[PDB]
Amino acid sequence: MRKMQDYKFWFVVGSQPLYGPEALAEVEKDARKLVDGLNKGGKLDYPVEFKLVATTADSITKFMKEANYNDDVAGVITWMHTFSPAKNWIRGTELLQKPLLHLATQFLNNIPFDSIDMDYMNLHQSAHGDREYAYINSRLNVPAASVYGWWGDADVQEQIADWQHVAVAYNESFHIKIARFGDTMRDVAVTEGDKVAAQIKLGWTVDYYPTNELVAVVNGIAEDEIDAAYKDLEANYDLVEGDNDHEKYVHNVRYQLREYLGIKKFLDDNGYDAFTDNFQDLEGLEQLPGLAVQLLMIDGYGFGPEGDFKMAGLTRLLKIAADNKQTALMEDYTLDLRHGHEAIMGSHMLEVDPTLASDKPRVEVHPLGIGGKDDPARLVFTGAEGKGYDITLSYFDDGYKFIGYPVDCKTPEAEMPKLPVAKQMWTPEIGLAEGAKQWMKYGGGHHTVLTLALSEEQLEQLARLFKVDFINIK
Amino acid sequence: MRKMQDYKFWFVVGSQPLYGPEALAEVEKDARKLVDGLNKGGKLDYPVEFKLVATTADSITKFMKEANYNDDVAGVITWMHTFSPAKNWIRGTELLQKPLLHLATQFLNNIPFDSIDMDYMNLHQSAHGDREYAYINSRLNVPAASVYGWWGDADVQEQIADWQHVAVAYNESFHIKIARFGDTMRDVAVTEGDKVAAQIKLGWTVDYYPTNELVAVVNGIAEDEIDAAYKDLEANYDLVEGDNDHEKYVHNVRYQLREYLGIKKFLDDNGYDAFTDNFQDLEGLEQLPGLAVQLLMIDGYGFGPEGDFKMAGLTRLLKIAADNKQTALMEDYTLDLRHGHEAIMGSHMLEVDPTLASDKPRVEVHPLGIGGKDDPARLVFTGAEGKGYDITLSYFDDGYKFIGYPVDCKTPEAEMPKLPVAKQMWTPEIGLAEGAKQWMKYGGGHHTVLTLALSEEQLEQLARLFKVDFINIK
Amino acid sequence: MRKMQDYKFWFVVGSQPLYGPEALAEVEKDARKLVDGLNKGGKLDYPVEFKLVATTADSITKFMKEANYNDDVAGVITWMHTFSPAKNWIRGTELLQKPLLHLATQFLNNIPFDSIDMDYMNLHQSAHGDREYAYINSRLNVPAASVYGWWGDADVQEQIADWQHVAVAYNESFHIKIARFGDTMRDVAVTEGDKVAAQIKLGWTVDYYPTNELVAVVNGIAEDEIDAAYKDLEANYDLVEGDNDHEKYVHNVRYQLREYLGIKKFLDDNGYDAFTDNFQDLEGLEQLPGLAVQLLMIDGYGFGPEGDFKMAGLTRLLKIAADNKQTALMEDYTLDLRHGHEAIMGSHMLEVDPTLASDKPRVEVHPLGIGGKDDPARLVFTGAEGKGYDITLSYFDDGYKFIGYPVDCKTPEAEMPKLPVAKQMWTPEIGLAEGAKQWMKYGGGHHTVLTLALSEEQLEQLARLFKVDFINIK
């Protein structure tokens, strides 16, 4: 399944222990009514739990110790009901090695202008008890994500809906394994960058596997497990011209079905979720892994083109917090300078994700010497035209710096005529000239994850959390 | 005539050696157009030239370096056709010693939907190849601009033209010499910055040949050049009641340009395009130079006023980029407060650059208890109405900085024969208070330099390449 | 002979024309003959060439402009015989891209007290002018080199002989290509820096050509070619109990003998001067190249072991510096904690440069379980005792850095039969618990370069001319 269900968020309620056994249960009810009531309507990703209720120091120091050994813990969700002693959230928060969410709220909504007495003060005091906590989360520069409001607004549980996602994907990224079937392309600069810091920093882990190592696994695969994949091939997509049976490129599509069930076969049996693909080293391979990737691309997997371990372990990354809608990954091939149809043509060689499409033509006719390899078959289409935001991560001499645009990606002014592969065109939101200025000025490469789903700032949170700079640009 | 006639600008077509002998040279005939097709009606003043095809590295360490040497080169406009693998650029961009420009552009500007195969996406793919080339820069923290658009635009033909200028003056301001016969005015601060700093940082060598050393030359003018240079003056200027043909004040107005002439000798002798004077130091010659400065000013000469070698240069730098504009030098001389019609107006003792003129009535009424020397002749003219810019300079202890006003000047109110000097009353773009308040507590003073020629965009380049900070004031 | 012989270093003298043209020549007689002297008996590694005598702005500025452009020039060793004002060295010092000395020297080595007029003082005055050079190159923060003492002092002549050999690499690194035959061996960190990030700094270039492409070379060798190179090594190494033309199987030697012929071929024909091999990548090659790697070292190349492009392009870097010298490479094998006889023996899996040796018994009984290929051929030998620094390179989140325990190499405790490896056995110049622990502090792994030939003050200025921090333990 989508791994965001095994992942649990624990919810802790905070108070000042010296309130007797009378108020310290007259609170957990409202709190057990927050959690198990949050689950049942939220439309959240992960159902929230309710462990210990914070009051004594060491008690909160011990929920955080436990929030860290329980791998199930997506993150941690913290709300104070009463004026919580924040010097009781030190030794806990010093050592918290996982997400934090300050929810500033009250068990209710309005202010009971009728019964509001000193019994609704020492009990249900949350504006001025949260600020004491958010000091100790700011002063300790703990990463943290604060959400304020009654848990009963449109954008007060939605915002939370699109955050279970990230927190998860932060624990999860430290579980990327990018397996490399050939080093970075030569002479190339941007698609490169430290690997020792990407694993310190982004937890991720780039393992290299020789291209011959893989040729074995690819070939050594049943000629009819391939036909077993062919039953979906002919069925799940409209094969055409040299693609079906008995026609031109006959064996060619039964080359790309061989390339996928060996990649996937390889990756899993050893641990890997992402992988790479140099066309300057396919020594033992029939044709450029393309349709093979466009399936793998559609199975939660991550992948980056020429050695590009970054657009591979990051494709994974967004695609792992995209267990709610649809995403992608894109290069920036050509663009049109039109007085009003300003636009860029984003697509890669053979591998353009079927995560945004319309139809699904399965085509051939190539002469792809771009590798020195057999005419490959791919999934030519024409993707989506809705919300969007490109990403790309760049190693700039002092660790990485995610440089991110906001944009509206639109349809093209054609189908896919003289066009052997797919496309998801766009006009950059700030403007082409203005989306290249503050882009070509700062970092910015070509192998770029375009996303329609995730939010202009729901990413700024995970970025702010893995712990690296983010050049956004509206 | 102007110095953008002996500079040249080179050009390199970014491509790579994996397309074929007639898919590489395809850009030896594609960017030979952009080159060829932007010199005639290409909207420039400076003359572009093409050299090698950039593929390998040893070719870039040859391109960038062959410039370095050949002093005759002036700049470098780079644009990568295909996807040049940047890493192969690296020594080049670091051995670089001239002002560089990612000219991010394409060949066509359309998107031939009906005809755009892979051999049409293998060329004109600049949407990713002036980004790989970009990154190398944004990371090699290179001092560099960014033009974005087709080269067939007359708007970004400006963007290019407005840059050809900054690249000319930078290369220039490093030969700009200075002779001082006159130190700093007794205890005045903004007209004093670091010497060995500004020379390192702005190229200006400033030497101080003695005030008597001038005196010598001024009295070495042929008395026949004290008549034959006279009539070439009074065939372009109309005088006033005092400096007449045989008025009593004739002789001192005649030894008032025995100064302009022996300065030019000196100036062109020690080769000192920029010069300074000082009134607290005239102890050897007669009257005080004014017109004679103006008869160097509208010519082509840097003058720093009450000794002020910096504003000398910023009067000489910002001209040096105007091969076809206006541009002056202005010690503000009084503000005019009026709760809805506020303004500033500035002149000097005698020197107002007659390059903003529209008349020039050689007025006299030549009082001068300033410097203790005789009644000196001068001009008294008008200025250019409409727009322009203002900008100063000030050693602020960590090094220099640049403040750079944006505002408007026009023509005076009532008649001004009560001021035997020139005038030019200006205002401010964001309210005279604010425009003065942010200039105030952030350093810099009177001796600005008003240039009706360039702009905020144009002036975020010289500093940026001179690598001095720039406090932008509009 | 040497490429180092093809190189020269220039030599300037400075002053100002205001010093009597006769006396201006009076240095051009003194200077010239020290040049001459430094050459005529110097045993300096490389030439000298008295270029322009230093006075005006331009006159120095131009000079420094050819020394950039004239790739034949490897550095300029300055000396200001008399007070040469700085501001005439500024913009000539700030456009240099190539190693600089400021020689601190007197002509004679004894003040004349019978014959000292003011002419002995207006001339021969480096005591107070060399000092004024220094400030303009200290201010400006030039990576420069100072030598103080009489130009004829073997040790002040020794300081230059070691420098000449040390500017020869900040002017050769920017040329060291490294060929990779597989990315870095999985799960290691120290042998990973940034390929882009070091092309800027140390100047090296790491393109990766796929194991395959070498394997073609490798296989396409003639046994003529092999058997010719396969009999000249019978001339040098007493091939032991496992080598006769029908004894056991000496196909395993020749393979390593066409191996040295194979890689040597690849490298040479594509321009690479150094290279790594991943044993976790040996599809196609026979056994894991060893003797062949041990040959090539002796040939002159950079090998960097388990993928290490950082001891690849470092070996060759420092190797090159020690031409007419020694020098090798090193991993630490084991220790021998014996309270007194404490020390560190090092070798490597096979790859030991026979340039530190005193024996040469060619060997086998290889059963290298590693790589799981046939039984590799390898040279065996005991190294040389003596002095030598131990540098190593390693990137560290904010860029590289050099760490370098000095040591004292030795001769083996006994003989190692079963140990089929060539082996050095050393100990730091501070202790196996006093210097392995400071080296453990500062980072920097096991792969190193032991250089019985380069000396801590030679490195201290090599790394000064790249600005990478060096650490100093011993």
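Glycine also receives a Cβ, built like all others from the backbone with ideal geometry; neighbour counts cover every protein chain displayed. Basis: the model, the stated rules and, where named, an outside source; no laboratory read-out is quoted.
Can you tell which of C:192, C:158, C:225 is under 29 Å from residue C:365 (Cβ atoms) and of a type outside the set (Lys, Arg)? Step through it out loud before you land on a result.
Numbers: C:192 fails: under 29 Å from residue C:365 (Cβ atoms); C:158 fails: under 29 Å from residue C:365 (Cβ atoms).
Testing whether each residue is under 29 Å from residue C:365 (Cβ atoms) and of a type outside the set (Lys, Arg) leaves just C:225.
Under 7 Å by Cβ, and 6 or more places apart or on different chains, what pairs join a residue from region B:96-116 that is more than 8 Å from chain A (Cβ to nearest Cβ) and closer than 14 Å to residue B:9 by Cβ with one that is of a type outside the set (A, V, I, L, M) and surrounded by 22 or more Cβ atoms within 10 Å (Cβ to Cβ)?
Cβ pairs passing all conditions: B:98/B:75; B:99/B:75; B:99/B:170; B:100/B:78; B:101/B:78; B:101/B:163; B:103/B:78; B:103/B:79.
Taking the options A:287, A:256, name whichever one is touching a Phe, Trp or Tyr at 6+ places or on another chain (Cβ under 8 Å) and either small (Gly, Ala, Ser) or farther than 22 Å from residue C:185 by Cβ (or both). If you could, list the steps in order and put the result at the bottom.
Values: A:256 fails: touching a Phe, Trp or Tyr at 6+ places or on another chain (Cβ under 8 Å).
The match here is A:287.
Assuming residue C:187 fulfils every condition listed in (1) on the phi > 0 side of the Ramachandran plot; (2) in contact with a helix residue (DSSP H, G or I) (Cβ under 8 Å, 6 or more places away or on another chain) apart from one, which condition is it?
Of the numbered conditions (1) on the phi > 0 side of the Ramachandran plot; (2) in contact with a helix residue (DSSP H, G or I) (Cβ under 8 Å, 6 or more places away or on another chain), the odd one out for residue C:187 is (2).
From A:221, A:176, which residue is more than 14 Å from chain B (Cβ to nearest Cβ), of a type outside the set (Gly, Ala, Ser) and in contact with an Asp or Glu (Cβ under 7 Å, 6 or more places away or on another chain)? Even if it seems obvious, please write down each step before you answer.
Details: A:221 fails: in contact with an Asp or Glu (Cβ under 7 Å, 6 or more places away or on another chain).
Testing whether each residue is more than 14 Å from chain B (Cβ to nearest Cβ), of a type outside the set (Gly, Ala, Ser) and in contact with an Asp or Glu (Cβ under 7 Å, 6 or more places away or on another chain) leaves just A:176.
What number of residues within region B:244-266 are buried (at least 21 other Cβ atoms within 10 Å of the Cβ), more than 13 Å from residue B:376 (Cα to Cα) and hydrophobic (A, V, I, L, M, F, W, C)?
Number of matching residues: 2.
Where residues in region A:408-435 are charged (D, E, K, R) and either facing another protein chain (nearest Cβ under 8 Å) or within 19 Å of residue A:328 (Cβ to Cβ) (or both), which of them is farthest from the chain's Cα centre (by Cα)?
So in region A:408-435, the residues charged (D, E, K, R) come out as A:408, A:410, A:413, A:415, A:418, A:423, A:429, A:434.
If we keep only those that are either facing another protein chain (nearest Cβ under 8 Å) or within 19 Å of residue A:328 (Cβ to Cβ) (or both) as well, we get A:408, A:410, A:413, A:418, A:423, A:429.
Details: A:408: 19, A:410: 22, A:413: 30, A:418: 33, A:423: 21, A:429: 22 Å.
So, considering only residues that are charged (D, E, K, R) and either facing another protein chain (nearest Cβ under 8 Å) or within 19 Å of residue A:328 (Cβ to Cβ) (or both), the one farthest from the chain's Cα centre (by Cα) is A:418.
Residue by residue, here is whether (1) crowded, with 20+ Cβ neighbours inside 10 Å; (2) of a type in the set (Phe, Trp, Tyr); (3) over 16 Å from residue C:465 (Cβ atoms) holds:
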position: C:69; (1), (2), (3): no, yes, yes
position: C:78; (1), (2), (3): yes, no, no
position: C:89; (1), (2), (3): yes, yes, yes
position: C:93; (1), (2), (3): yes, no, no
position: C:101; (1), (2), (3): yes, no, no
position: C:107; (1), (2), (3): no, yes, yes
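Write out, first by first residue and then by second, each pair whose Cβ atoms fall under 6 Å of each other, whose residues are 6+ apart or on separate chains, and whose first residue, in region B:200-220, is in the same structural domain as residue B:285 (by CATH) and within 15 Å of residue B:270 (Cα to Cα) while the second is assigned to a helix (DSSP H, G or I) and polar (S, T, N, Q).
B:205/B:199
Based on what the data block shows, is residue B:64 within 7 Å of chain A (Cβ to nearest Cβ) and among the hydrophobic types (A, V, I, L, M, F, W, C)? Walk me through it before giving the result.
Working: within 7 Å of chain A (Cβ to nearest Cβ): no; among the hydrophobic types (A, V, I, L, M, F, W, C): yes.
In short, no.
Pull out all pairs, ordered by first then second residue, where Cβ-Cβ is under 6 Å, the residues are six or more apart or on different chains, the first lies in region B:186-198 and is more than 18 Å from residue B:277 (Cβ to Cβ), and the second is loosely packed, with under 15 Cβ neighbours inside 10 Å and among the small types (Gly, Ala, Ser).
none
For region C:370-378, state whether one or more residues are surrounded by 18 or more Cβ atoms within 10 Å (Cβ to Cβ), within 14 Å of chain A (Cβ to nearest Cβ) and small (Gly, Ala, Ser).
Looking for residues that are surrounded by 18 or more Cβ atoms within 10 Å (Cβ to Cβ), within 14 Å of chain A (Cβ to nearest Cβ) and small (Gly, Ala, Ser), one finds at least one in region C:370-378, hence yes.
Being touching a helix residue (DSSP H, G or I) at 6+ places or on another chain (Cβ under 8 Å), crowded, with 24+ Cβ neighbours inside 10 Å, touching a residue at least 24 places away in the same chain (Cβ under 8 Å) and of a type in the set (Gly, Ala, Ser) is the requirement here; does residue A:169 meet it? Write out each step before concluding.
Details: touching a helix residue (DSSP H, G or I) at 6+ places or on another chain (Cβ under 8 Å): yes; crowded, with 24+ Cβ neighbours inside 10 Å: yes; touching a residue at least 24 places away in the same chain (Cβ under 8 Å): yes; of a type in the set (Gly, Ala, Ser): yes.
Against the criterion (touching a helix residue (DSSP H, G or I) at 6+ places or on another chain (Cβ under 8 Å), crowded, with 24+ Cβ neighbours inside 10 Å, touching a residue at least 24 places away in the same chain (Cβ under 8 Å) and of a type in the set (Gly, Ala, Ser)), residue A:169 qualifies.
For every residue, the table says whether it meets (1) under 17 Å from the mean Cα position of the chain (by Cα); (2) of a type in the set (A, V, I, L, M, F, W, C).
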residue	(1), (2)
B:166	yes, yes
B:191	no, no
B:199	yes, no
B:205	yes, no
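Could you count how many residues in region C:202-220 are buried (at least 21 other Cβ atoms within 10 Å of the Cβ) and more than 19 Å from residue C:278 (Cβ to Cβ)?
Residues flagged as buried (at least 21 other Cβ atoms within 10 Å of the Cβ) and more than 19 Å from residue C:278 (Cβ to Cβ) within region C:202-220 amount to 2.
Checking the structure you have, find out if any residue of region A:312-330 is under 23 Å from residue C:181 (Cα atoms) and surrounded by 23 or more Cβ atoms within 10 Å (Cβ to Cβ). Spell out how you get there, then give the answer.
Residues of region A:312-330 under 23 Å from residue C:181 (Cα atoms): A:312.
Narrowing further to those that are surrounded by 23 or more Cβ atoms within 10 Å (Cβ to Cβ): A:312.
Scanning region A:312-330, I find at least one residue that is under 23 Å from residue C:181 (Cα atoms) and surrounded by 23 or more Cβ atoms within 10 Å (Cβ to Cβ), so the answer is yes.
Would you be able to tell me the number of residues in region B:6-58 that are among the hydroxyl-bearing types (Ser, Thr, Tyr) and within 14 Å of chain A (Cβ to nearest Cβ)? Explain how you work it out, then say what you get.
First pass over region B:6-58, keeping only residues among the hydroxyl-bearing types (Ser, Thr, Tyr): B:7, B:15, B:19, B:46, B:55-56.
Next, only the ones that are within 14 Å of chain A (Cβ to nearest Cβ) stay: B:15, B:19, B:55-56.
Qualifying residue count, region B:6-58: 4.
Within region A:186-212, can you find the residues that are in a loop (DSSP other than H, G, I, E, B) and more than 7 Å from every other protein chain (Cβ to nearest Cβ)? Give the steps one after another, and end with the answer.
Applying the first criterion (in a loop (DSSP other than H, G, I, E, B)) to region A:186-212 yields A:186-195, A:202-205, A:209-210.
The answer is A:191, A:202, A:203, A:204, A:205, A:209.
May I ask you to say which residue of B:262, B:290, B:300, B:284 is assigned by CATH to the domain that holds residue B:216, free of Cβ contacts under 8 Å to residues at least 60 places away in the same chain, over 17 Å from residue B:176 (Cβ atoms) and small (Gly, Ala, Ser)?
Of B:262, B:290, B:300, B:284, the one residue that is assigned by CATH to the domain that holds residue B:216, free of Cβ contacts under 8 Å to residues at least 60 places away in the same chain, over 17 Å from residue B:176 (Cβ atoms) and small (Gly, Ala, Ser) is B:262.
Do you know which residues across region B:127-143 are facing chain A (nearest Cβ under 9 Å), in contact with a strand residue (DSSP E or B) (Cβ under 8 Å, 6 or more places away or on another chain) and not in a helix (DSSP H, G or I)?
B:127
Being surrounded by fewer than 17 Cβ atoms within 10 Å (Cβ to Cβ), over 20 Å from residue C:175 (Cα atoms), of a type in the set (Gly, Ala, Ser) and assigned by CATH to the domain that holds residue B:164 is the requirement here; does residue B:42 meet it?
Against the criterion (surrounded by fewer than 17 Cβ atoms within 10 Å (Cβ to Cβ), over 20 Å from residue C:175 (Cα atoms), of a type in the set (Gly, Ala, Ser) and assigned by CATH to the domain that holds residue B:164), residue B:42 does not qualify.
For region A:305-339, name all the residues that are in contact (Cβ under 8 Å) with a residue 24 or more places away in the chain, farther than 21 Å from residue A:458 by Cα and either part of a loop (DSSP other than H, G, I, E, B) or away from chain B (no Cβ under 14 Å) (or both).
Once the filter is applied, which keeps residues that are in contact (Cβ under 8 Å) with a residue 24 or more places away in the chain, farther than 21 Å from residue A:458 by Cα and either part of a loop (DSSP other than H, G, I, E, B) or away from chain B (no Cβ under 14 Å) (or both), region A:305-339 yields A:305, A:306, A:307, A:308, A:309, A:331, A:332, A:337.
Out of all the residues in region C:232-280, which are within 26 Å of the chain's Cα centre (by Cα), of a type outside the set (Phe, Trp, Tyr) and in a loop (DSSP other than H, G, I, E, B)?
Let us first name the residues in region C:232-280 that are within 26 Å of the chain's Cα centre (by Cα), namely C:259-278.
Among the residues that remain, those that are also of a type outside the set (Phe, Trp, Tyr) are: C:259, C:261-265, C:267-271, C:273-274, C:276-278.
Hits for region C:232-280 are C:271, C:273, C:278.
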